[PDB]
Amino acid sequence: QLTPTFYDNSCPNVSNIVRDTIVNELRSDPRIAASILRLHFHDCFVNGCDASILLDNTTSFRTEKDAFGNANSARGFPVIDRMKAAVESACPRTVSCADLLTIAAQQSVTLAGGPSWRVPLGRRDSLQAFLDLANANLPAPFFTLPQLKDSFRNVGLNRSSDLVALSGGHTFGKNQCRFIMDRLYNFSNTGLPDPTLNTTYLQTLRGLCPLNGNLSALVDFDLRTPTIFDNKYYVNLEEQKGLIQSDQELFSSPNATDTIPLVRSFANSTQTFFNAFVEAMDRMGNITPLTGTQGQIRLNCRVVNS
């Protein structure tokens, strides 16, 4: 069983070291908090939160960094290396990369203005990386609501609250133009923009992402508060201003009978959202962890101990 007090004796300063690292990084890179939260999400959805995503290529297995959902998208790896080194200095061979990334994600949310809580700890590091599983398990922005639900259920998160609350991670961070081009100019081969996208916002997005333009250009997930972790993400959905298809479907999908009331509840109360986010975050953080003597306490998050 994972427990929040796992390192209270072996490394009481772990959370503070993680926090300090993120605070320093945020000065030069204001997007790092969002990036780190996403790394934890992509770690947990592939064989569980086992730091498998942090592993680099080997001649025996490919890195998850080359998965469609990670390649030229996932970032912050050097920052994780930095805090790991700092933690290894303070507490040699004690804190796993899996736990480190989980704490990093929580501290990132808190630093961005979100809720503060102690995440369960005790996870251990994987002995391999899973590229094929990452390609299969990571959800895509073009997924329909049924597909999004399927993706979450596939890894162990059955609740619509899990999906709606965790999607709130898009209350900050960036998204490439490439992922919304269809919504803007030719949605589902209709030759028309996605009808669930507010027409005024449509114009704004088209200006940021012109047809035949730079597909790697970045746009804010939350037009209200781009870098603050708050419930504004849901207010946007209510006005048909979710950025990607997967965001707006939580409110507009024909299959959203169960998700609409959740979107409204989170848009109506910060407390309700934050409570749900922490609950869902801990559930995601409890996905098939290696514990006890299983796996290792990786010294270098990029490679398995030898």
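Numbering starts at 1 and follows the sequence shown.
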Would you mind comparing 38 to 46 and 257 to 265 for me and telling me which has the higher average C-alpha temperature factor in the entry? 257 to 265
For the C-alpha atoms alone, is the average B factor greater in 160 to 168 or in 112 to 120, going by the entry? 112 to 120
Between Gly173, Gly213, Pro146, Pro141, let me know which has the highest C-alpha B-factor in the entry? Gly213
Check the PDB entry and point out which of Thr63, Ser252, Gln271, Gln245 has the largest C-alpha temperature factor. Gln271
Test of reading the entry: by CA B factor among the chain's modelled residues, which third contains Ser52? lowest
Assigned third (lowest, middle, highest) for the C-alpha B factor of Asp194: middle
In terms of its chain's C-alpha B-factors, the third that includes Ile228 is the highest
Within this chain, which third does the Cα B-factor at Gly295 fall in: lowest, middle or highest? middle
Chain-relative CA temperature factor third for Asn70: lowest
